[PDB]
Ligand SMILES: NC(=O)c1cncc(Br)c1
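We begin with a single chain expressed as C-alpha cells, specifically the form deposited without ligand BRT.
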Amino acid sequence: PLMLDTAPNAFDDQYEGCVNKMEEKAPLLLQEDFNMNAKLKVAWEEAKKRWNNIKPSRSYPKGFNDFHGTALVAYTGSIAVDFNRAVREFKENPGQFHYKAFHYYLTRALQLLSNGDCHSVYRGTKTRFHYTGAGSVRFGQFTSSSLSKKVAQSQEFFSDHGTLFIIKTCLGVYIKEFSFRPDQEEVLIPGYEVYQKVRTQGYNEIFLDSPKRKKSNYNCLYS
C-alpha cells in the first residue's frame, strides 16, 4: 500500500512567467529529450500521426499548436507510465528526467484548454492507496481519470485489491478529442491540483474533493 501525501518530490512546474521563454527553447529541449529517451521519440511520432488525423475536426484556443495537441495525445498512450514515474520521482534523481520539453508542452496544452468548469471523475488503480485520515492530498504528476466509473473499474486499471478514486476536479480538462482512445472519456488532471477534502470509504475507495490550484515547488526550472 502506498501513502497519499502532498507529493513533495514531484516535478510540478506551472511555468508561471516564462511561457514565451519556454515556447522558444522547448523545440530544442524536445529534440534533446528524444536523444536521451528513445521510447519518448517513438511515442511522440505515433502521437503526431494520430494528432494529424484528428485536428481537422475542430478549432482550438489561440496559441494552441501541434506541440500541444501531440503532447496530449501522447499522454493517452504508453509513454504515460514512464512519464508519470519520472515526474513522481523527480527530486530523487533530477539527472534522469528526460521529459523537459514534453512536460512543458503537456502543461501548456492543458492550460490553453482551461475554462472554469469542474468535472466528476473516477480513477481506478491496481495498487492500494491509503489516506492518513487528515490533511490535503496532491499527486504532483499529471493523472488521468474518466467520466465513466465503468472505465475506471475496468480490468485495465482496477482490482478489488486496489483503489477507486472518486474525484471532483476543477483544473482537469476533458481530452476525449485529444486521445488515442475517445471511448475512455478521459479528463487530464494537472499535478498541481490539491484536494482539501479527502475521505476514506470502505476498504478500497477514496474520495478527493474541494480541489484548488496551489503554487508549485518548482517554477520555470528549465527556462
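What we label the rigid core is the largest C-alpha set whose atoms superpose within 1.5 Å from one form to the other. Shifts are known only where both forms have a C-alpha. Residue numbers here begin at 1 and follow the sequence given.
There is also a form deposited with ligand BRT bound; it is not shown, and the following applies to it.
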Item to complete: Check the shown form for clashes with ligand BRT: superpose the C-alphas around the site so the partner sits as in the deposited complex, and report blocked if 3 or more ligand atoms are within 2.4 Å of backbone or C-beta atoms, open if none are.
Response: open
Worksheet item: Can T169 be called a contact residue for ligand BRT in the deposited complex at 4.5 Å between heavy atoms?
Response: no
Worksheet item: Wondering, does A152 line up within 4.5 Å of ligand BRT in the deposited complex on heavy atoms?
Response: yes
Worksheet item: So in the deposited complex, does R123 come within 4.5 Å of ligand BRT, heavy atom to heavy atom?
Response: yes
Worksheet item: Is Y174 a contact residue for ligand BRT in the deposited complex, using a 4.5 Å heavy atom cut-off?
Response: no
Worksheet entry | Segment assignment from 31-39, 48-56, 62-70, 181-189: heavy atom within 4.5 Å of ligand BRT in the deposited complex | 181-189
Worksheet, complete the sentence: Comparing between this form and the one not shown on the core: of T127, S120, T132, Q96, the CA moving 2 angstroms or more sits at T132
Fill in: Runs in sequence order between this form and the one not shown, three or more residues long, with CA shifts of 2 Å or more on the rigid core
132-134
